[PDB]
Engineer: 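Before I ask anything, let me first share the structure, which is written out below as structure tokens.
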Amino acid sequence: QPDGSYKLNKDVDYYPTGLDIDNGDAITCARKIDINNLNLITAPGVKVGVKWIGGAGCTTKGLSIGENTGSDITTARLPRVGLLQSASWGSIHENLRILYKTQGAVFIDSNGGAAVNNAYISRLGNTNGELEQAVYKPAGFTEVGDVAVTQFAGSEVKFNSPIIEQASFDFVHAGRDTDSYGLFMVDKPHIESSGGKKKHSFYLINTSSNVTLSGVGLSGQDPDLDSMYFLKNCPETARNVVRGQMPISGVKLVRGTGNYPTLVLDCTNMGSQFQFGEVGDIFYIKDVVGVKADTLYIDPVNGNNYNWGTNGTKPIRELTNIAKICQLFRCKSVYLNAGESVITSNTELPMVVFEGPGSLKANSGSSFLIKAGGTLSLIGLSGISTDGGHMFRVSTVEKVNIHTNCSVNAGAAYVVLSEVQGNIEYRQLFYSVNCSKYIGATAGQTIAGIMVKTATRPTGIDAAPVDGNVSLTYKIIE
Amino acid sequence: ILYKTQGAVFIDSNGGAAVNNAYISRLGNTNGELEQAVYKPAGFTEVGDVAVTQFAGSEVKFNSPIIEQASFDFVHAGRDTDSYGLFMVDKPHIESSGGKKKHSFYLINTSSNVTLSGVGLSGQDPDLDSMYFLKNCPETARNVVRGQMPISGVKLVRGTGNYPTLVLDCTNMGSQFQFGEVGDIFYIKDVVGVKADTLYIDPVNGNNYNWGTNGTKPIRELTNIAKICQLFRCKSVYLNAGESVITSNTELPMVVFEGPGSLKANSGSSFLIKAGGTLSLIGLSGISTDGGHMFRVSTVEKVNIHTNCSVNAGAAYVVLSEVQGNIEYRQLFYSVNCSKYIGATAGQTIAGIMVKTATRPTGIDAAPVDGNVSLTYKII
Ligand SMILES: OC[C@H]1O[C@@H](O[C@H]2[C@H](O)[C@@H](O)[C@@H](O)O[C@@H]2CO)[C@H](O)[C@@H](O)[C@H]1O
Ligand SMILES: OC[C@H]1O[C@@H](O[C@H]2[C@H](O)[C@@H](O)[C@@H](O)O[C@@H]2CO)[C@H](O)[C@@H](O)[C@H]1O
């Protein structure tokens, strides 16, 4: 108080911060408190069940909040917010059971080393759950819908084997504003919801995380907005690591906001997700370990960019991220379904085998980009052409092999343009080829070898197949 | 537990025993660094209080321990006979006032599986303090680190012994490359799911304690650059101004080298090429040797050497193949000097050569390689 004295907090919304405790602004008087099987019910409409504030080292077992009065939640004897906790480092909640209406449990600020084990938190049904407005939450969380567990301001409670039911948002977690401190830790959550109603399971704001999936979960009914994860403004240095087993049924994995990918698949057991689920937004995946697929399928007519693309029955639609996707899952080939797959800006092609009845087209004067060594093969495609730009722009100094066994038309441009001091081998097999020069370079000498085996080629350049910036190692024509 | 010298000590048979949510703290860290552990393995001779000590084959499971104000959070020794006894710590919450600490995990002759929870630190001594200290862990041992590193910079690892055993298993490094230090890179055995595009070198201002993967914290020597690039999948090496030198044969990763620095092999040493791919020196202030052949190739895989800078091997060769090799050498502009561009120690090595510069030893245009090399192409 102003005079210097202290008054017990009676304000319902108040919770002490670590700062408050350091400022002398707050002094906790909560120690040596132990709870075993306490059952707490409230009249409908009561704001908060339990305020676990300043309870460092305090413990709980079988704390049970809320009554399953009946089907209508508006008249059920449970609180809007089950539990609100802060300044409780080292506290332990064993087998906590909460029946809530708006928010299950909220953990804010200092809770270092605190654990919540085998919690069973559930909204009493999901009826109108999507309309509940979170009461205690981080500023970055502006969506409407009930939230089973909310965590922010640097709280890093360990969640072990929680069972979360009937929630719009299973977990909403924000890292500390200043440095993204506060790891989101959930080990094997058992997530379920009637009629598959759900918005997100893990809504992560400015944070890192380590989550192990237990083969249990789902994503909501909205074909566009609902996803297991939503990564909002997670920093470039953050990582949201996913381990374990994906749900049996198809789900949409991730959506987000922000300029940095942070999701990591760490030996994640994908089950049949490639065939029945969706990645959602590939942009947010940072890296993949121990998850491989042989082929990436593209369908410019019937594809869907929400798909993983690694299963033939669920191809993606555009070429934008094909290099990224092949790098992530180590794909050995790309299959182009019938139709023209097109780009309007410079796009990287992975060094793999391209096959299928589709065609590749570079429009708006764009070029396909080769940024890695290896062999790029176009086999039996309906052709590849550009509307004016060079077909392949090489920006790697590593050995590049280009193997075209389909029709090739670069018009007045080159099939290959080396932007560096390159090392390229190009080989055209049958079909046809057209270009002003097969291989060229922007400057300082590029070594190349060439084989052109087709009668349908620009015969006028047989004697001079490459520009002056390219020196030939071999030339097999005629 | 509130203690003065040692919090808890676990010895010999404790199979399947568990210690969950332990809260162990010294009552403050004043003079904590002067405590002498009472019950400890013979291999632990350091001075300082120890929160948890384990040895003689004890393998207690520590789940979410909270450890405070300790010089040493954990001291663990594997069994003397066969290194039996896995050190298991899941999500430790480690803190200490004033950042005072010596080591969090002091591991002797053992393996370990540790998951970090984004909480921790390393001591104030810029040379000796480190999260891990691996003492004589055997070749077959693995000390695996998963989870999130602390937010603030820390020195990750130091050790004694001849075998690297640390493993970064998808470890979330945060901003450690920029604000922290690896400490002693020798002790890292392998890395999974952690990458960096560029390794930075600075022979004048660099510090070998650094990771080297962030431009503001470059390393200093060339000794471990191949190992670092292999570990983190770096695509290039940036040489800050000054001469980066070796005095013993040292391997160079097959990547793009850039920057104003120069490369120099002294004491008759050579740069080693032990992997296929393309080694590119682009725009450097030059590469030269004081007498040894410049690049010694010991791999039979296709090797491309792309030099776009000044090259001077003096009376020696630019490339010497120690095996039956397959090499493509291309010198671009600048200048090149040597007695032969490529040579081989024995039974024929195939090679392709391109030299585009007027400043070269014209006298060997007609015989650019020794007798043990057969040319696939020659563009001069
Ligand atoms: O090169 C820097 C980018 O790396 C991308 O990750 C790659 C990863 O390096 C590679 O090993 C493989 O897993 O493919 C990934 C993506 O295709 C990052 O996603 C990107 O952020 C950059 O850091
Ligand atoms: O070749 C044996 C050595 O491997 C080194 O690890 C390599 C690893 O093989 C490679 O995959 C990548 O991770 O680069 C590492 C560079 O260290 C071990 O460190 C070394 O002890 C040997 O086993």
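Values reported hereafter were calculated over all heavy atoms of this structure, with side chains retained and with hydrogens, waters and symmetry mates removed. Naming convention: chains lettered A, B, ... in sequence-line order (proteins, then strands); numbering from 1 in each chain. Numbering of ligands and ligand atoms starts at 1, following listing order.
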Engineer: In Å and rounded to the nearest 0.5 Å, what is the CE to CG distance from A:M246 to A:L213?
Structural biologist: 6.5 Å
Engineer: Run through ligand 2 for me and note each protein residue having a heavy atom under 4.0 Å from it, chain first, then residue number.
Structural biologist: B:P164, B:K189, B:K227, B:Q230, B:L231
Engineer: Between B:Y187 and B:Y132, is the ring pair (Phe, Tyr, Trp, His ring centres under 6.0 Å) condition met? List the steps.
Structural biologist: CA-CA 10 Å; B:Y187 291 101; B:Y132 279 87; over 10 Å; no
Engineer: Can you check side-chain contact (heavy atoms from CB on, under 4.5 Å) on A:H390 and A:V416, steps first, answer last?
Structural biologist: CA-CA 7 Å; A:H390 294 119; A:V416 185; over 6 Å; no
Engineer: Quick one: sort the B:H76 and B:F87 rings into parallel, tilted or perpendicular, breaks at 30° and 60°.
Structural biologist: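 Because their plane-to-plane angle lies in the 30° to 60° range, the rings of B:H76 and B:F87 count as tilted.
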Engineer: For ligand 1, which atoms sit closer than 4.0 Å to a heavy atom of B:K235?
Structural biologist: 1 (O)
Engineer: Describe, in one word, how the ring planes of B:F133 and B:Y106 are oriented to each other, choosing from parallel (under 30°), tilted (30 to 60°) and perpendicular (over 60°).
Structural biologist: parallel
Engineer: Could you tell me which atoms of ligand 1, counted from 1 in the order shown, lie closer than 4.0 angstrom to a heavy atom of B:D197?
Structural biologist: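 This gives 1 (O), 2 (C) as the contact atoms.
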Engineer: Determine, for A:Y306 and A:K252, whether the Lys NZ or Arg CZ falls below 6.0 Å from the six-membered ring centre while staying within 45 degrees of the axis.
Structural biologist: yes
Engineer: When you look at CG of B:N240, are more than 12 heavy atoms from neighbouring residues, nucleotides or ligands closer to it than 6.0 Å?
Structural biologist: yes
